[PDB]
Amino acid sequence: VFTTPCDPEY
Amino acid sequence: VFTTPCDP
Amino acid sequence: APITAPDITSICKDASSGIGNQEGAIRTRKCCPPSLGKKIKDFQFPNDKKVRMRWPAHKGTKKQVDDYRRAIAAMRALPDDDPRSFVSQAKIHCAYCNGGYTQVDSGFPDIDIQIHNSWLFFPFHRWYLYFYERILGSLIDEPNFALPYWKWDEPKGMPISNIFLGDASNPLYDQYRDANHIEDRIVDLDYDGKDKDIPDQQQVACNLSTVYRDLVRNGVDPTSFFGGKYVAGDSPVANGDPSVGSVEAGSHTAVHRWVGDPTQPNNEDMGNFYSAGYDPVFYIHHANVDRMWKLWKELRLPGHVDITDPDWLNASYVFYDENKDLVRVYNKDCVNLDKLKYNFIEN
Amino acid sequence: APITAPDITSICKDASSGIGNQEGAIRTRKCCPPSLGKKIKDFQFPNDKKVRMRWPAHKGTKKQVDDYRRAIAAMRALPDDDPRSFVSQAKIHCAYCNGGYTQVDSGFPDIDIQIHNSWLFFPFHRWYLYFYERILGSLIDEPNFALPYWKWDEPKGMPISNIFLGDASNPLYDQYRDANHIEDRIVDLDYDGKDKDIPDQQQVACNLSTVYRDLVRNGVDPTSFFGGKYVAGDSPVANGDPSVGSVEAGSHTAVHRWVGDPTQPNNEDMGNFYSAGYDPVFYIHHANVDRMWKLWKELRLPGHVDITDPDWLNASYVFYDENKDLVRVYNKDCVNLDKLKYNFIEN
Ligand SMILES: [Cu+2]
Ligand SMILES: [Cu+2]
Ligand SMILES: [Cu+2]
Ligand SMILES: [Cu+2]
């Protein structure tokens, strides 16, 4: 989908 | 061509 | 003209395509479905009161997990020759992927049907899971039953879920998996047959990169995402063909190779089409592949549209349903998830 | 009609746009270029014998680093009103980005020229750097002088290069940078105003993801990559407008925001257009932005084509060159790096 290493939920 | 985490 | 499955109970032959070592095969090649004297019915859109919401395997509720596990147990308990049984459901993949059927209904009785390596990939597996999911729900009286999906596009969903592990007491377990990889837990969506040996966090980032590669970089239009045009009279497209679509050839293939046990003669179970269905995680991987079709459309990018070619729309397969009826289904009728009464729980 | 810079030596006003605290501003807003009695002449393609090879700022040779440092020293030592001087070169950015010029030559003397936040972004800065580089080389008698570039798309290139660090004894140093971020060293290409509290390796992956986003996911055609159409009669597009191109709005903006010193009234130097050119790293960040245009075309994906709209092709700006001559340059003439006689050292 759109999970990236930039995201806090990562 | 750019770098990706899959590459050595 | 469209690819059209025959009466699978009348014209069917043992699987003998795409299996490198047949004599040592650890699963059956006699994959033909049983004959119950049923007529083949035309598909009718379901009247489900509620949409079935497929749930990420790593974040199911207790009821979701228990229902799924119990349903697989019930499926494994059925008599072998029930078309809904564990082995019967596995055999479907074998028949459609390893040469069980011919194109006789199209006027090509000596050419096999193959549903892989072409634009048939996504809709065939969508329908296969549609009936599989309805079958499981029916075996435990859960009319709103939904499959899990292996959310390997999300970091915590990348390890193979604990629900599939343990040993033989777990209905969701399969001994025929790569033990080293099950130890590593985190699937490599970029797996090419060589272990990368990198930090877990790096593999996570690589997997995310791989999803973007399949859905955006390489899946730029219907031909490149869904795979090549495959019509009556065509011979089977070879594994590895450049015309294979981005997901099928990419992340999809990687998970099969990675889970499949390399100590087995055809890398059974997940490592070959004919045996992949004996691993419960097969269907749950494929539920996320199914979801990729949804996501790919939701990207709202140029070229991200469904196929309109009549020779795709009008292609059809035959499956047993939860009532042991035979049903003919068409590609055109699976493009809209609302009409099939399921979707996927998203963040 | 195309945006056309006026005679910048005759029609120019102090910068007064896009600077939130002008009474407290630490750099000048008197950004108009000097008058030296020159006539504006059209650009002619350069006759350089060799192509200037821009070098990654983290991998420069001794001669590359020393020449760059000496050229910046020479530029800093020039009288301010010399058009080649450190201050004059910074002021160019101010004049074109913060309202120094109008569209008077197009019949709109009441509307400022803005080169940011539209399709003018890439070619304006390409030309800006073109002359900047030639000026620097001329100051040290190096006819094949090439800029470094901040290769923040490559993991080892992501930390700000130590060549920029130290104290005022280093010509490449600027005290007006975010001290916390300089200490962190690794740029956050996804910086949005709050420090991510993440491991370096995760930031590396985040930066790689960001480059993928800007070049593939969001940069799917000329409008989305270069930015929105902007022609004579158009008012200035606002910072942050969604019509801004992927790189400009993305990685480009992030580096400015991240390097700019938040203790300064307008986050000078890199944190505002008007002051960004007083940081030597401004130009070196922009050299890699310039390279992104090259890379974007090299991807050879659908829609990765240059602009053919005459109102873009014929847009023009005016710059002083190394001879203190006034040159009018057109977007159409900068699309081919071979003809501008520079490129970038790649792997
Ligand atoms: Cu399959
Ligand atoms: Cu598969
Ligand atoms: Cu600028
Ligand atoms: Cu900039």
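Protein chains in written order, with PDB author numbering: chain G, 440 to 449; chain E, 440 to 447; chain A, 1 to 347; chain C, 1 to 347.
Where a beta carbon is used, it is the ideal one built from N, C-alpha and C, also for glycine.
Just how far apart, CA to CA, sit residue i and residue j?
i: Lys294/A; j: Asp7/A; result: 30 Å
i: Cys97/A; j: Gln114/A; result: 5 Å
i: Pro242/A; j: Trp296/A; result: 20 Å
i: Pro109/C; j: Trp152/C; result: 40 Å
i: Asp306/A; j: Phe43/A; result: 21 Å
i: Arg300/C; j: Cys12/A; result: 46 Å
i: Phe441/G; j: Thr210/A; result: 12 Å
i: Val244/C; j: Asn117/C; result: 5 Å
i: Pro46/C; j: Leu340/C; result: 6 Å
i: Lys229/C; j: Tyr342/C; result: 27 Å
i: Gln201/A; j: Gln202/C; result: 8 Å
i: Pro34/C; j: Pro302/C; result: 44 Å
i: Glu183/A; j: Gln103/A; result: 43 Å
i: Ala25/C; j: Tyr449/G; result: 39 Å
i: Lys194/A; j: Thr263/A; result: 15 Å
i: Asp112/A; j: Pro236/A; result: 7 Å
i: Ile19/A; j: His256/A; result: 15 Å
i: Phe124/A; j: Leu208/A; result: 26 Å
i: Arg328/A; j: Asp290/A; result: 20 Å
i: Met270/A; j: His181/C; result: 47 Å
i: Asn218/C; j: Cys206/A; result: 20 Å
i: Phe226/C; j: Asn239/C; result: 15 Å
So, at 7 Å on beta carbons, what are the nonlocal neighbours of residue i in its own chain, with the 5 sequence-adjacent residues on each side left out?
i: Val87/C; result: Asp80
i: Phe164/C; result: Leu172, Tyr173, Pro280 and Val281
i: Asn267/A; result: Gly260 and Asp261
i: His304/C; result: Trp296 and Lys297
i: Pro143/A; result: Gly137
i: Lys156/C; result: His58
Going by DSSP, what residue range makes up the beta strand (DSSP E) through residue i?
i: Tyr212/C; result: That residue, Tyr212/C, is in no beta strand (DSSP E); its alpha helix (DSSP H) goes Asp200 to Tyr212.
i: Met292/C; result: Looking at the DSSP string, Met292/C is not in any beta strand (DSSP E); the run it does join, the alpha helix (DSSP H), is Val281 to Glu298.
i: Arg54/C; result: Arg52 to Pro56
i: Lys41/C; result: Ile40 to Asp42
i: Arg328/C; result: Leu326 to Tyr330
i: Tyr342/C; result: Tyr342 to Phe344
Could you give the residue range of the alpha helix (DSSP H) that holds residue i?
i: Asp112/C; result: Counting along the chain, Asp112/C falls outside any alpha helix (DSSP H), though it belongs to the beta strand (DSSP E) covering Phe108 to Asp112.
i: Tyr132/C; result: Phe121 to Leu139
i: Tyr320/C; result: It is not in any alpha helix (DSSP H) - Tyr320/C instead sits in the beta strand (DSSP E) that spans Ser316 to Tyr320.
i: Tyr274/A; result: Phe273 to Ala276
i: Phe225/C; result: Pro222 to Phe226
i: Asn180/C; result: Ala179 to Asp184
i: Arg69/A; result: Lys62 to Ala77
i: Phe86/A; result: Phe86 to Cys97
i: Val305/C; result: It is not in any alpha helix (DSSP H) - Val305/C carries neither H nor E in the DSSP assignment.
i: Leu172/C; result: From DSSP, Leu172/C is part of no alpha helix (DSSP H); its letter is neither H nor E.
i: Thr253/A; result: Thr253 to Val259
i: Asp311/C; result: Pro310 to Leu313
Within the same chain, show all residues whose beta-carbon is closer than 6 Å to that of residue i, passing over the 5 residues directly before and after it, in chain order.
i: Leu147/A; result: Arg54, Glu133 and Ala287
i: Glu322/A; result: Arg134, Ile135 and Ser138
i: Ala73/C; result: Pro171
Less than 8 Å between the CB atoms is what I'm expecting for residue i and residue j, so what's the real figure, rounded?
i: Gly277/A; j: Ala90/A; result: 3 Å
i: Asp178/A; j: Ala254/A; result: About 12 Å; that fails the 8 Å criterion.
i: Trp312/C; j: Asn331/C; result: 5 Å
i: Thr4/A; j: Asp105/A; result: 4 Å
i: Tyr149/C; j: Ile92/C; result: Wrong, their Cβ atoms sit about 19 Å apart, outside the cutoff.
i: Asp190/C; j: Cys445/G; result: 4 Å
Just to confirm my understanding: we take residue i, look at its own chain, exclude 5 residues before and 5 after, and list those with CB closer than 8 Å. What are they?
i: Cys94/A; result: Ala15, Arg27, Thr28, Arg29, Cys31, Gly100, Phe273, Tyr274, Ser275 and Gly277
i: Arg213/C; result: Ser246 and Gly250
Please list the partners that residue i has in chain A, where partner means a Cβ-to-Cβ separation under 9 Å.
i: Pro302/C; result: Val220, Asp221, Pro302 and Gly303
i: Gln201/C; result: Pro199, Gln201, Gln202 and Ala205
Please tell me whether, using a cut-off of 8 Å, the distance from the CB of residue i to the nearest non-hydrogen atom of ligand 5 is below it.
i: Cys334/A; result: With respect to ligand 5, the structure offers nothing, as its ligand set consists of ligand 1, ligand 2, ligand 3 and ligand 4.
Strictly below 8 Å CB to CB, what residues from chain G border residue i?
i: residue 348/A; result: Outside the displayed span of chain A (1 to 347) sits residue 348/A, for which this structure offers no information.
i: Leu295/A; result: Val440
i: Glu154/A; result: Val440 and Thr442
Please list the partners that residue i has in chain G, where partner means a Cβ-to-Cβ separation under 7 Å.
i: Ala205/C; result: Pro444
List the residues of chain C that residue i touches, going by C-beta distances under 8 Å, in chain order.
i: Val216/A; result: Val216 and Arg217
List the residues of chain E whose Cβ lies closer than 8 Å to the Cβ of residue i, in chain order.
i: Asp190/A; result: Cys445
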